[PDB]
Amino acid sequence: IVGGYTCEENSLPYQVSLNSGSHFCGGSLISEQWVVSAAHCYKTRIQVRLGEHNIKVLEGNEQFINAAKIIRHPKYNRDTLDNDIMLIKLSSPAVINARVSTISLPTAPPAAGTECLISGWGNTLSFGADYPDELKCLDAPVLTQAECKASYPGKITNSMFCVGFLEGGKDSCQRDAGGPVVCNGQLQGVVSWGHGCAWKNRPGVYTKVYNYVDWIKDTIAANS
C-alpha cells in the first residue's frame, strides 16, 4: 500500500497473509474455514497466517494454518486477468476471536464514490522496494466504471472495478494482491492489478466480489 497508514493493530481481523517462504499475497477470511484471494496468487501449497499485524515478529495473536484446498475460479484468464479470484480452504478451522474473524460477503456492489478500506503488506513505494513489517491501510473511493475504463482502455472486464485516485500517490501495490477492499462492512474487492503502483491516471483494479457470491457459497458447500 502506497500513500496509506499503518492500520490499528488487529483492527482488520479478516485480513490474512499468504505465505510460502515469505509473505507473497493477502487474503480475506470469509468463514471459519475459507479465505478469498486472487487467482494469480495461486501456488500448490500455501500457509495462511491469521491474526497478524507485524509479519516479522511473533505477537501472540497469530494462527498459522496450511491450505487444504486451493481453488481458482474456473474462468480465470491469465492474459486478460478476467475472473481473478480464488478460494482457499484451511486444513483446520480458524479460531474466531477478537483478533481473527470474518468479513461479510456483499449484498450489492458498491456505488461509485463509496469510500472503502484497502489493506495489505505490499510495497509502500511507487518506485523502490519498501515492504513493510506492519499492516498498512488506505481509504479510497470507488471509481465509476466509465472512468475505470477510460484509465485502462480495452482492459476492464465485467469482473473488474477501480478504486483509488487519478492524481497518483495512493494505491495498492505488489504483495497486496488477493487482499481486501471493504466498503460498508462488506468485502467488495480483491486486490488484482494496475499499471505501476500509485501512478497518475492509473488507479488500482480489483475483482468485484459481488459477482462471485453464488460461486463462493456453492464452492464452499461442495468442498465440505
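In this text, the rigid core denotes the largest set of C-alpha atoms whose superposition between the two forms falls within 1.5 Å. Residue numbers run from 1 along the displayed sequence.
Taking the rigid core as the alignment reference, the C-alpha atoms of 56 to 64 lie farther on average from the displayed form in 4 other deposited structures of this protein than those of the other stretch among 56 to 64 and 188 to 196. As recorded in the PDB entry, 163 to 171 is the stretch of 163 to 171 and 25 to 33 with the greater mean C-alpha temperature factor.
Higher mean CA temperature factor, per the PDB entry, when comparing 97 to 105 with 76 to 84: 97 to 105. Highest CA B-factor among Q186, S192, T157, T44, as stated in the entry: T44. Per the PDB record, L125 has a higher Cα B-factor than any other of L138, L143, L135, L125. Sorting the modelled residues of the chain by their CA temperature factor places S92 in the highest third. Remark: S11 belongs to the highest third of its chain, ranked by C-alpha B-factor as recorded. Among the modelled residues of the chain, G60 sits in the highest third by CA temperature factor in this PDB entry. Ranked by Cα temperature factor within the chain, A67 sits in the highest third according to the deposited record. In this PDB entry, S20 carries a Cα temperature factor that places it within the highest third of its chain's modelled residues.
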